[PDB]
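# Working through the structure, step by step
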Amino acid sequence: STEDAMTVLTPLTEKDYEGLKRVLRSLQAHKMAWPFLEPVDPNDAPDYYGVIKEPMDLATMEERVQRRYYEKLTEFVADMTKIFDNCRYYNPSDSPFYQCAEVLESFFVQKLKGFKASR
Ligand SMILES: Cn1ncc(N[C@@H]2CCNC2)c(Cl)c1=O
């Protein structure tokens, strides 16, 4: 589709970045986002950094947005998907963190579709 191709190929503009910030702030404000605001503490999660190859959290994404790290929407989506995929990979499906990942990714997908349509 056009949205698929734009996501992979169209460089993010200044206006795009304002939308990225709105999406990120919406995720940070969500009731289920608190496990993802800051990096996992090793005292909360034995072996976490040895198991998870590419850790990610919303504070790292915020820094990257502020530094204009992302050139394509795909890269932003990839970092966000790391947050949820890492959580579900490390934790069993009955973990409360796994449940938060399910809810918050669903919210992200809704917001992401709105952002793609706006471009
Ligand atoms: C296993 N495990 N442990 C903690 C955590 N979040 C922390 C809680 C408060 N700050 C970050 C996640 Cl996401 C996780 O998967």
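These notes cover the structure that comes with them. (Residues numbered from 1 in each chain as written, not as in the entry; some residues may be left out. Heavy atoms only, no water.)

## Thoughts on the layout of surface pockets
By volume, the largest pocket is sized at about 320 Å³. Around the largest pocket sit 19 residues that line it, and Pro35, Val40, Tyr48, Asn91 and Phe97 are the ones nearest its centre. Examining the composition of the lining of the largest pocket, we find that four residues originate from one element, helix α5 (residues 73-90), more than from any other. Classifying every residue of the lining of the largest pocket by side-chain character gives 13 nonpolar, two polar and four charged. Its volume calculated, the second largest pocket comes out at about 180 Å³. Elements with a contribution of two residues or more to the lining of the second largest pocket: α2 (14-29) and α6 (96-118). Looking at the lining of the second largest pocket, the element that brings in the most residues is α2, giving six residues. (1 Å grid on protein atoms, 1.4 Å probe; cavity = no way out; pocket = protein on both sides within 12 Å on 5 of 7 lines; lining within 4 Å. Points joined across faces, edges and corners; volume = space filled by probe spheres on them. Helix = DSSP H or I, 4+ residues; strand = E, 2+ residues; numbered from the N terminus. Nonpolar A, V, L, I, M, F, W, Y, C, P; charged D, E, K, R; others polar.)

## Overview of the packing of helix α4 (residues 58-66) against α5
At a minimum axis distance of 10 Å, the contact between α4 and α5 shows a crossing angle of 165 degrees. In terms of orientation, α4 and α5 fall into the roughly antiparallel class. For the pair α4 and α5, the sense of crossing is right-handed. Taking contact as the criterion, the partners of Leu58, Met61, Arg64 and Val65 in α4 are, on α5, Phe76, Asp79, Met80 and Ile83. A per-class count over the contact of α4 with α5 returns six nonpolar, no polar and two charged. (Axes fitted to C-alpha atoms, helices over the stretch in contact; angles between N-to-C directions. Parallel < 35°, antiparallel > 145°, perpendicular 65-115°, else oblique. Left-handed = near helix turned anticlockwise from the far one by under 90°. Contact = heavy atoms within 4.5 Å.)

## What to know about the pattern of salt bridges
Tallying each qualifying case throughout the model produces nine salt bridges. Salt-bridge contacts for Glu18 lead to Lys21; the nearest nitrogen and oxygen are separated by 3.0 Å. One end of the pair, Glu18, and the other, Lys21, are both in helix α2, three residues apart, so they sit about a helical turn from each other. Since its relative accessible area comes to 39%, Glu18 is described here as partly exposed. (Salt bridge = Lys/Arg side-chain N within 4 Å of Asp/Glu carboxyl O. Buried < 20%, exposed > 50% of the residue type's maximum accessible area, 1.4 Å probe, protein only.)

Distances and angles like these do not, on their own, reveal function.
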